Structures are given as C-alpha cells and as structure tokens.
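Asks: What follows is a structure written as structure tokens; I'll ask about it next.
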Amino acid sequence: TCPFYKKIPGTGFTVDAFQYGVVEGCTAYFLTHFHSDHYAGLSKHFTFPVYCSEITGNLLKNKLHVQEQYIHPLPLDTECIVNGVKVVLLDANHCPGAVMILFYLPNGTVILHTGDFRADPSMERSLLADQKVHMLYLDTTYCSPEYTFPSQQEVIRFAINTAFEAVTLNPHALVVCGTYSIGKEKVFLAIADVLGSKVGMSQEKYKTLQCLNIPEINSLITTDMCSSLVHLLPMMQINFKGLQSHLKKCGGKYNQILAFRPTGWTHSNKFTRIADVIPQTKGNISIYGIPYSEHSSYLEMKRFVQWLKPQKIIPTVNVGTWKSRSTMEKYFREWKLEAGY
Ligand code: NI
C-alpha cells in the first residue's frame, strides 16, 4: 500500500506515488522528476491530474504517452494554487526537470518535499529563505559520513582533460559514455564540446534529450553514429565484452576506446582523490568510473538541513531497514543539537 512518506497531510496530495493503483483520497498526484522508481506506473491510461515541471511534462507526453489533458505543468519559482492549496516548485539540482515542492497548508504548516536533490548553497537564496518550513521530506540517499564526493565541476574538468589528451595522442580513439536514465548530460556534452564533435546515440535516446529544453541542443547531438566520435550507449554495454563488440561495429574507423561510467558513489571515494583516478584496461579498451553525483553528499545534506532548521524530518530513501532508519535518526539529532534548533 502507499507508504506514509508519499502522502502530504492536510491535503489530498501524493508525491511520486504512481504504482499503487488508485490511492484512496488522492485528488492530485505530483511527480518530482522523470526517473523510473518515481514515475513507475504512469502510462497513456492514467486519468488523474499529474502536476510536474514543464520538462517532466514533455517526457510524460512523448515517452510515456500520457494524454495532454491530464498533464499539468507548473512554472518554477512561482506561487500557484492547486485544488485550493498554494504550492511552489523549486529547482532540485538533480536531473533535467527535477523539482522540490513547497506546500502551504490551510492551517499554516509549511512542508518541503525535496524529491531527489543535490543540496547546494544557492538554495539558501530561493523562495525558501522567505518563511519557516515545519516538515521536511528529505532525499537521504547518501545520509552517512563516508559519502564524500567531489564537486560536479571538478569531475567534469577531469573528464574533459582526460578525453582531450587521449584523442589528441590518438586521433583514431573513440570515446564512449554510458547512460540509463536522464541526468548527467554534462559528462558527455562537455567531452563532445572539447573534441568538436556531436554526441551520437540511438533514436530513443535522442528523442529523450529533445524533450529537455537544453539550449542549442540541435548543435550538440545526433543520431548519425558515423560522423560522431563520442558515442552514448546503455550503461549495461560499458564493459570489455560490450565495448569490443561495439568497436567491431565501427568498421575499422577506430582502434582504441576510452569509456566513462558515471557512477554515484564507489568505496574508492574513502581513499582516493579525483586527480588520482585510474582506469580498468584490457587491450585497447580503458574504462573510467567517475563519481559524478546528482544526490547530496553527507556534508551538503547536513548544511542544508542545519540552514533550514525543520521541526520534523521524514526520510524518503533507505527507509526499508530498521538499522538504516535508526542510523539516520541519530544523524538528524546530532545536527539539531550541534546547530541549536
Ligand atoms: Ni532520481
């Protein structure tokens, strides 16, 4: 059944709650972002109002074929009324079109649901600065002090320099980047840019990217593999067998693959710096795992919460085990006692 942490008290609203059939008493289903664990259950047969960003609405319509009459896009940073309740969508710094949702309850309670987010200090100067938030539905994906990772900017710098060096040493080297969802577009677009190439990809992936309102996108991507030296493939294909196989497909245009796997966290993060990352190599194939995250690090999450000073925190991630729940609730108390709220 729909879990409590997907329900907004004092409303008939749910967040990211599309796989439970009809939720009894739900008058509006919000969708924070177009990732499959969150949209799971939507299709062209859905007949309730779906509230979301413009970008997420483009994907619902074009990829899932949800009918237009049930899609309600809202602009960001704007006070809107939904079934008599004031709401605001904020940028979540996750994947394209991902939002956080502020709910202003009739009784005066204010609730923020982060969806999936990567906390950033820039959020401290959004509309969130303007009033008190009482309850916080928090993306706790990496809520543990072992989770460190570099900035997105540092990771892109590393990837750009690595690709540029490799291809300039060997003009017959191919660059491949793995993907399995939207998000992390900067990795493959930054690399393509430094190499003066477009990124080539399947028709399904190209369709997905054309939904995202990225400026000058027609100048950066293509379905013509042959004219591109940065290829996107399914994450599943980013391994030695899958890459040897793909190289055979290119007809001796290339004699070397340099591949990037943008992982979340991997336990090399507890020891190694970004400057010091190395690839797995077999033959003329090298695979780099790079720690490009679109979720808060532990310290980024902690700063955001200590800034916001909520009265109650409801975790939305890692809630399935007692040990995880109890560990998170410990960190939340530490944060509160350290900051004095
Ligand atoms: Ni997500």
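Chain identifiers are assigned as A, B, and so on, following the order in which chains appear in the structure tokens; residues are numbered from 1 within each chain, and ligands are numbered from 1 in order of appearance.
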Can you pull out the residues contacting residue A:33? Cut-off 7 Å, using only C-alpha atoms, and skip same-chain residues under 4 positions away; I want them as a VMD selection string.

Replies: chain A and resid 56 97 to 99

Asks: At a cut-off of 10 Å around ligand 1, and using only C-alpha atoms and all ligand atoms, what residues come up? Please write them as a PyMOL selection string.

Replies: chain A and resi 32-38+94-95+98+115-117+139+141+181-183+294-295

Asks: Excluding residue A:154 and any residue of its chain fewer than 4 positions from it, enumerate the residues within 12 Å of it, using only C-alpha atoms, and give them as a list in words.

Replies: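 Here the qualifying residues turn out to be residues 149, 150, 158, 159, 160, 161, 187, 273, 274, 275, 290, 291, 292 and 293 of chain A.
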
Asks: Can you write just those residues out, N, CA and C atoms, as a short mmCIF file (atom, residue, chain, number, x, y, z; two decimals), in the first residue's frame?

Replies:
data_model
loop_
_atom_site.label_atom_id
_atom_site.label_comp_id
_atom_site.auth_asym_id
_atom_site.auth_seq_id
_atom_site.Cartn_x
_atom_site.Cartn_y
_atom_site.Cartn_z
N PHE A 149 32.07 13.24 -2.03
CA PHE A 149 32.48 13.19 -3.40
C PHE A 149 32.85 14.58 -3.88
N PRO A 150 33.58 14.64 -4.96
CA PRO A 150 33.99 15.99 -5.42
C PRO A 150 32.82 16.78 -6.00
N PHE A 158 38.11 16.86 -14.93
CA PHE A 158 38.89 15.65 -15.05
C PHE A 158 38.51 14.95 -16.35
N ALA A 159 37.22 14.84 -16.60
CA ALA A 159 36.78 14.06 -17.78
C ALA A 159 37.20 14.75 -19.09
N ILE A 160 36.94 16.05 -19.15
CA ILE A 160 37.36 16.85 -20.31
C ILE A 160 38.90 16.72 -20.64
N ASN A 161 39.75 17.03 -19.67
CA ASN A 161 41.25 16.84 -19.81
C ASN A 161 41.67 15.42 -20.21
N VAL A 187 28.37 15.34 -18.60
CA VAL A 187 29.53 14.49 -18.83
C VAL A 187 29.80 14.33 -20.36
N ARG A 273 41.62 10.64 -4.18
CA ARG A 273 41.23 11.94 -4.82
C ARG A 273 40.84 11.81 -6.32
N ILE A 274 40.23 12.85 -6.91
CA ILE A 274 39.82 12.82 -8.34
C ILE A 274 41.06 12.83 -9.23
N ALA A 275 42.02 13.70 -8.90
CA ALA A 275 43.33 13.73 -9.59
C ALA A 275 43.97 12.33 -9.77
N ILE A 290 33.71 7.43 -12.92
CA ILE A 290 33.87 8.79 -12.36
C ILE A 290 32.68 9.10 -11.40
N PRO A 291 32.96 9.66 -10.23
CA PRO A 291 31.99 9.92 -9.19
C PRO A 291 31.20 11.23 -9.39
N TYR A 292 30.42 11.25 -10.47
CA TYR A 292 29.52 12.32 -10.81
C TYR A 292 28.17 12.06 -10.14
N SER A 293 27.87 12.81 -9.08
CA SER A 293 26.62 12.60 -8.30
C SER A 293 25.61 13.67 -8.56
#

Asks: Could you pull out the residues in stretch 203-273 of chain A that DSSP calls alpha helix (DSSP H) from the backbone, as a list in words?

Replies: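 Here are the alpha helix (DSSP H) residues of stretch 203-273 of chain A: residues 203, 204, 205, 206, 207, 208, 209, 210, 240, 241, 242, 243, 244, 245, 246, 247, 248 and 249 of chain A.
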
Asks: Take the residues from that selection and write them out as a tab-separated table (two decimals), in the first residue's frame, keeping N, CA, C and O atoms.

Replies:
chain	number	residue	atom	x	y	z
A	203	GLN	N	18.10	6.43	-31.67
A	203	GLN	CA	16.90	7.26	-31.83
A	203	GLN	C	16.08	7.46	-30.52
A	203	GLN	O	15.59	8.56	-30.34
A	204	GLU	N	15.96	6.43	-29.67
A	204	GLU	CA	15.17	6.55	-28.41
A	204	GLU	C	15.81	7.58	-27.50
A	204	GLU	O	15.11	8.49	-27.03
A	205	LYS	N	17.16	7.50	-27.35
A	205	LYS	CA	17.88	8.45	-26.51
A	205	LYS	C	17.85	9.87	-27.05
A	205	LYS	O	17.70	10.85	-26.26
A	206	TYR	N	17.99	10.01	-28.38
A	206	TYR	CA	17.92	11.34	-28.99
A	206	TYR	C	16.55	11.98	-28.72
A	206	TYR	O	16.44	13.18	-28.37
A	207	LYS	N	15.51	11.16	-28.83
A	207	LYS	CA	14.11	11.64	-28.54
A	207	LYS	C	13.99	12.18	-27.09
A	207	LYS	O	13.46	13.26	-26.85
A	208	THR	N	14.48	11.38	-26.15
A	208	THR	CA	14.54	11.76	-24.73
A	208	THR	C	15.27	13.08	-24.55
A	208	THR	O	14.75	13.99	-23.89
A	209	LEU	N	16.45	13.22	-25.15
A	209	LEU	CA	17.16	14.52	-24.99
A	209	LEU	C	16.44	15.70	-25.64
A	209	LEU	O	16.50	16.86	-25.16
A	210	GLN	N	15.73	15.46	-26.73
A	210	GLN	CA	14.99	16.60	-27.41
A	210	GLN	C	13.81	17.10	-26.52
A	210	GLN	O	13.31	18.17	-26.74
A	240	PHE	N	34.07	-4.72	-20.95
A	240	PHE	CA	35.03	-5.13	-22.02
A	240	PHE	C	34.38	-5.87	-23.21
A	240	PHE	O	34.58	-5.49	-24.35
A	241	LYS	N	33.52	-6.86	-22.92
A	241	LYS	CA	32.79	-7.60	-23.98
A	241	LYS	C	31.93	-6.65	-24.80
A	241	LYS	O	32.00	-6.63	-26.03
A	242	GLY	N	31.12	-5.84	-24.12
A	242	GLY	CA	30.23	-4.89	-24.84
A	242	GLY	C	30.93	-3.82	-25.66
A	242	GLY	O	30.40	-3.37	-26.69
A	243	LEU	N	32.10	-3.40	-25.19
A	243	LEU	CA	32.90	-2.37	-25.87
A	243	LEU	C	33.70	-2.95	-27.06
A	243	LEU	O	33.71	-2.33	-28.14
A	244	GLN	N	34.34	-4.11	-26.86
A	244	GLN	CA	34.97	-4.85	-28.02
A	244	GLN	C	33.91	-5.03	-29.13
A	244	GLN	O	34.09	-4.63	-30.28
A	245	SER	N	32.75	-5.54	-28.73
A	245	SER	CA	31.64	-5.70	-29.66
A	245	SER	C	31.29	-4.41	-30.41
A	245	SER	O	31.18	-4.42	-31.62
A	246	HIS	N	31.16	-3.30	-29.68
A	246	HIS	CA	30.81	-2.03	-30.29
A	246	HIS	C	31.91	-1.53	-31.23
A	246	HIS	O	31.65	-0.88	-32.26
A	247	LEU	N	33.15	-1.82	-30.88
A	247	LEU	CA	34.27	-1.40	-31.71
A	247	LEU	C	34.23	-2.12	-33.07
A	247	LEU	O	34.42	-1.50	-34.12
A	248	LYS	N	33.92	-3.42	-33.04
A	248	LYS	CA	33.75	-4.19	-34.28
A	248	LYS	C	32.71	-3.49	-35.17
A	248	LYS	O	32.95	-3.28	-36.36
A	249	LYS	N	31.60	-3.02	-34.58
A	249	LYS	CA	30.59	-2.28	-35.36
A	249	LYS	C	31.04	-1.02	-36.10
A	249	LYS	O	30.39	-0.61	-37.06

Asks: With only C-alpha atoms as the basis for distance, which of A:268, A:186, A:230, A:101 is at the shortest distance from residue A:133?

Replies: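 Comparing A:268, A:186, A:230, A:101 against residue A:133, the winner is A:101.
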
Asks: So which residues touch residue A:162 within 12 Å, counting only C-alpha atoms, skipping near sequence neighbours fewer than 6 positions away, as a list in words?

Replies: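 Here the answer would be residues 155, 156, 168, 169, 175, 187, 190, 191, 194, 195, 258, 259, 260, 274, 275, 276, 277, 278, 279, 286, 287, 288 and 290 of chain A.
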
Asks: Grab the atom CA of residue A:173 to atom CA of residue A:281 distance for me, in Å with one decimal place.

Replies: 14.2 Å

Asks: Report, in Å to a single decimal, how far apart atom CA of residue A:317 and atom CA of residue A:138 are.

Replies: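 Distance reported for this atom pair: 7.8 Å.
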
Asks: Excluding same-chain residues fewer than 3 positions from residue A:137, what lies within 7 Å of it counting only C-alpha atoms, as a list in words?

Replies: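 What passes the distance filter is residues 112, 113, 114, 313, 314, 315 and 316 of chain A.
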
Asks: Counting only C-alpha atoms, which of A:224, A:193, A:146, A:185 gets nearest to residue A:297?

Replies: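 Of A:224, A:193, A:146, A:185, the one nearest residue A:297 is A:146, counting only C-alpha atoms.
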
Asks: Please report, as a PDB file with N, CA and C atoms, in the first residue's frame, each residue of stretch 74-237 of chain A to which DSSP assigns strand (DSSP E) when run on this structure's backbone.

Replies:
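Result file is result04.pdb:
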ATOM      1  N   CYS A  80       1.573  29.075  -7.051  1.00  0.00           N
ATOM      2  CA  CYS A  80       0.479  28.521  -7.833  1.00  0.00           C
ATOM      3  C   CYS A  80      -0.578  27.940  -6.856  1.00  0.00           C
ATOM      4  N   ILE A  81      -1.868  27.946  -7.234  1.00  0.00           N
ATOM      5  CA  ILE A  81      -2.940  27.289  -6.448  1.00  0.00           C
ATOM      6  C   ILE A  81      -3.368  25.930  -7.098  1.00  0.00           C
ATOM      7  N   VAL A  82      -3.251  24.834  -6.358  1.00  0.00           N
ATOM      8  CA  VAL A  82      -3.707  23.515  -6.849  1.00  0.00           C
ATOM      9  C   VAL A  82      -4.780  22.994  -5.869  1.00  0.00           C
ATOM     10  N   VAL A  85      -4.840  24.816  -2.642  1.00  0.00           N
ATOM     11  CA  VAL A  85      -3.650  24.822  -1.772  1.00  0.00           C
ATOM     12  C   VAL A  85      -2.503  25.520  -2.537  1.00  0.00           C
ATOM     13  N   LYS A  86      -1.851  26.498  -1.905  1.00  0.00           N
ATOM     14  CA  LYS A  86      -0.699  27.213  -2.505  1.00  0.00           C
ATOM     15  C   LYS A  86       0.543  26.259  -2.511  1.00  0.00           C
ATOM     16  N   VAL A  87       1.165  26.151  -3.687  1.00  0.00           N
ATOM     17  CA  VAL A  87       2.404  25.355  -3.910  1.00  0.00           C
ATOM     18  C   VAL A  87       3.383  26.150  -4.754  1.00  0.00           C
ATOM     19  N   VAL A  88       4.667  25.816  -4.568  1.00  0.00           N
ATOM     20  CA  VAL A  88       5.779  26.363  -5.374  1.00  0.00           C
ATOM     21  C   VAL A  88       6.712  25.201  -5.745  1.00  0.00           C
ATOM     22  N   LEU A  89       7.111  25.138  -7.017  1.00  0.00           N
ATOM     23  CA  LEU A  89       8.145  24.191  -7.471  1.00  0.00           C
ATOM     24  C   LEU A  89       9.480  24.910  -7.529  1.00  0.00           C
ATOM     25  N   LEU A  90      10.501  24.290  -6.928  1.00  0.00           N
ATOM     26  CA  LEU A  90      11.891  24.814  -6.927  1.00  0.00           C
ATOM     27  C   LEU A  90      12.822  23.882  -7.653  1.00  0.00           C
ATOM     28  N   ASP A  91      13.883  24.419  -8.246  1.00  0.00           N
ATOM     29  CA  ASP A  91      14.884  23.535  -8.855  1.00  0.00           C
ATOM     30  C   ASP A  91      15.577  22.645  -7.808  1.00  0.00           C
ATOM     31  N   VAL A  99      12.298  18.712  -9.574  1.00  0.00           N
ATOM     32  CA  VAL A  99      11.887  19.767  -8.618  1.00  0.00           C
ATOM     33  C   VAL A  99      11.798  19.315  -7.205  1.00  0.00           C
ATOM     34  N   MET A 100      11.928  20.292  -6.320  1.00  0.00           N
ATOM     35  CA  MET A 100      11.365  20.219  -4.961  1.00  0.00           C
ATOM     36  C   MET A 100       9.986  20.941  -4.912  1.00  0.00           C
ATOM     37  N   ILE A 101       9.124  20.544  -3.947  1.00  0.00           N
ATOM     38  CA  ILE A 101       7.785  21.102  -3.851  1.00  0.00           C
ATOM     39  C   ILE A 101       7.531  21.655  -2.466  1.00  0.00           C
ATOM     40  N   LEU A 102       7.179  22.926  -2.409  1.00  0.00           N
ATOM     41  CA  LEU A 102       6.762  23.628  -1.160  1.00  0.00           C
ATOM     42  C   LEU A 102       5.273  23.648  -1.056  1.00  0.00           C
ATOM     43  N   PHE A 103       4.698  23.112   0.032  1.00  0.00           N
ATOM     44  CA  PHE A 103       3.234  23.126   0.260  1.00  0.00           C
ATOM     45  C   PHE A 103       2.869  24.026   1.439  1.00  0.00           C
ATOM     46  N   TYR A 104       1.938  24.967   1.206  1.00  0.00           N
ATOM     47  CA  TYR A 104       1.480  25.893   2.230  1.00  0.00           C
ATOM     48  C   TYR A 104       0.099  25.434   2.727  1.00  0.00           C
ATOM     49  N   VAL A 110       3.925  24.669   6.832  1.00  0.00           N
ATOM     50  CA  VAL A 110       4.642  24.718   5.552  1.00  0.00           C
ATOM     51  C   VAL A 110       5.528  23.427   5.502  1.00  0.00           C
ATOM     52  N   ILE A 111       5.396  22.738   4.380  1.00  0.00           N
ATOM     53  CA  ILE A 111       6.104  21.433   4.110  1.00  0.00           C
ATOM     54  C   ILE A 111       6.973  21.542   2.838  1.00  0.00           C
ATOM     55  N   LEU A 112       8.232  21.105   2.908  1.00  0.00           N
ATOM     56  CA  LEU A 112       9.085  20.986   1.709  1.00  0.00           C
ATOM     57  C   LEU A 112       9.344  19.525   1.475  1.00  0.00           C
ATOM     58  N   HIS A 113       9.053  19.083   0.287  1.00  0.00           N
ATOM     59  CA  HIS A 113       9.412  17.733  -0.198  1.00  0.00           C
ATOM     60  C   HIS A 113      10.538  17.884  -1.238  1.00  0.00           C
ATOM     61  N   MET A 135       7.971  20.889   8.261  1.00  0.00           N
ATOM     62  CA  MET A 135       8.255  19.455   7.989  1.00  0.00           C
ATOM     63  C   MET A 135       9.030  19.325   6.642  1.00  0.00           C
ATOM     64  N   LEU A 136      10.013  18.431   6.636  1.00  0.00           N
ATOM     65  CA  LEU A 136      10.962  18.262   5.516  1.00  0.00           C
ATOM     66  C   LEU A 136      10.919  16.741   5.089  1.00  0.00           C
ATOM     67  N   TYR A 137      10.480  16.467   3.855  1.00  0.00           N
ATOM     68  CA  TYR A 137      10.517  15.142   3.306  1.00  0.00           C
ATOM     69  C   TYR A 137      11.792  15.072   2.510  1.00  0.00           C
ATOM     70  N   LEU A 138      12.807  14.375   3.069  1.00  0.00           N
ATOM     71  CA  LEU A 138      14.227  14.509   2.677  1.00  0.00           C
ATOM     72  C   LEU A 138      14.811  13.336   1.895  1.00  0.00           C
ATOM     73  N   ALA A 173      41.062   7.127 -31.652  1.00  0.00           N
ATOM     74  CA  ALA A 173      40.434   6.629 -30.436  1.00  0.00           C
ATOM     75  C   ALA A 173      38.979   7.124 -30.423  1.00  0.00           C
ATOM     76  N   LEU A 174      38.092   6.249 -29.940  1.00  0.00           N
ATOM     77  CA  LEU A 174      36.644   6.574 -29.793  1.00  0.00           C
ATOM     78  C   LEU A 174      36.379   6.821 -28.316  1.00  0.00           C
ATOM     79  N   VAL A 175      35.512   7.793 -28.019  1.00  0.00           N
ATOM     80  CA  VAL A 175      35.053   7.989 -26.630  1.00  0.00           C
ATOM     81  C   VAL A 175      33.652   7.458 -26.486  1.00  0.00           C
ATOM     82  N   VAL A 176      33.402   6.613 -25.475  1.00  0.00           N
ATOM     83  CA  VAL A 176      32.029   6.117 -25.232  1.00  0.00           C
ATOM     84  C   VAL A 176      31.624   6.531 -23.785  1.00  0.00           C
ATOM     85  N   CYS A 177      30.362   6.928 -23.608  1.00  0.00           N
ATOM     86  CA  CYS A 177      29.808   7.278 -22.311  1.00  0.00           C
ATOM     87  C   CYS A 177      28.532   6.464 -22.095  1.00  0.00           C
ATOM     88  N   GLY A 178      28.408   5.886 -20.909  1.00  0.00           N
ATOM     89  CA  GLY A 178      27.222   5.100 -20.531  1.00  0.00           C
ATOM     90  C   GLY A 178      26.123   5.986 -19.965  1.00  0.00           C
ATOM     91  N   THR A 179      24.859   5.586 -20.209  1.00  0.00           N
ATOM     92  CA  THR A 179      23.652   6.234 -19.641  1.00  0.00           C
ATOM     93  C   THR A 179      22.505   5.196 -19.454  1.00  0.00           C
ATOM     94  N   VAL A 199      27.461  14.375 -30.120  1.00  0.00           N
ATOM     95  CA  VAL A 199      27.338  13.100 -29.483  1.00  0.00           C
ATOM     96  C   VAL A 199      26.368  12.301 -30.292  1.00  0.00           C
ATOM     97  N   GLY A 200      26.733  11.075 -30.629  1.00  0.00           N
ATOM     98  CA  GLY A 200      25.833  10.154 -31.283  1.00  0.00           C
ATOM     99  C   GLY A 200      25.219   9.110 -30.422  1.00  0.00           C
ATOM    100  N   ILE A 221      23.930  17.205 -30.468  1.00  0.00           N
ATOM    101  CA  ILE A 221      23.622  15.785 -30.562  1.00  0.00           C
ATOM    102  C   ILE A 221      23.209  15.348 -31.948  1.00  0.00           C
ATOM    103  N   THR A 222      23.245  14.031 -32.175  1.00  0.00           N
ATOM    104  CA  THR A 222      22.901  13.450 -33.451  1.00  0.00           C
ATOM    105  C   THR A 222      22.616  11.992 -33.340  1.00  0.00           C
ATOM    106  N   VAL A 230      32.048  10.728 -30.124  1.00  0.00           N
ATOM    107  CA  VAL A 230      31.567  10.497 -28.722  1.00  0.00           C
ATOM    108  C   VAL A 230      30.282   9.731 -28.866  1.00  0.00           C
ATOM    109  N   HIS A 231      30.303   8.463 -28.477  1.00  0.00           N
ATOM    110  CA  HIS A 231      29.102   7.628 -28.542  1.00  0.00           C
ATOM    111  C   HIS A 231      28.495   7.418 -27.171  1.00  0.00           C
ATOM    112  N   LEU A 232      27.146   7.493 -27.076  1.00  0.00           N
ATOM    113  CA  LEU A 232      26.405   7.075 -25.861  1.00  0.00           C
ATOM    114  C   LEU A 232      25.886   5.688 -26.043  1.00  0.00           C
ATOM    115  N   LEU A 233      26.057   4.832 -25.049  1.00  0.00           N
ATOM    116  CA  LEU A 233      25.468   3.513 -25.073  1.00  0.00           C
ATOM    117  C   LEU A 233      24.761   3.254 -23.760  1.00  0.00           C
ATOM    118  N   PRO A 234      23.880   2.244 -23.701  1.00  0.00           N
ATOM    119  CA  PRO A 234      23.360   1.810 -22.428  1.00  0.00           C
ATOM    120  C   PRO A 234      24.465   1.496 -21.440  1.00  0.00           C
TER     121      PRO A 234
END

Asks: Can you work out which one of A:20, A:107, A:26, A:46 has the shortest atom-to-atom distance to residue A:7, counting only C-alpha atoms?

Replies: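 Closest candidate: A:26.
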
Asks: For atom CA of residue A:296 and atom CA of residue A:119, quote the distance in Å rounded to one decimal.

Replies: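 Atom CA of residue A:119 lies 5.2 Å from atom CA of residue A:296.
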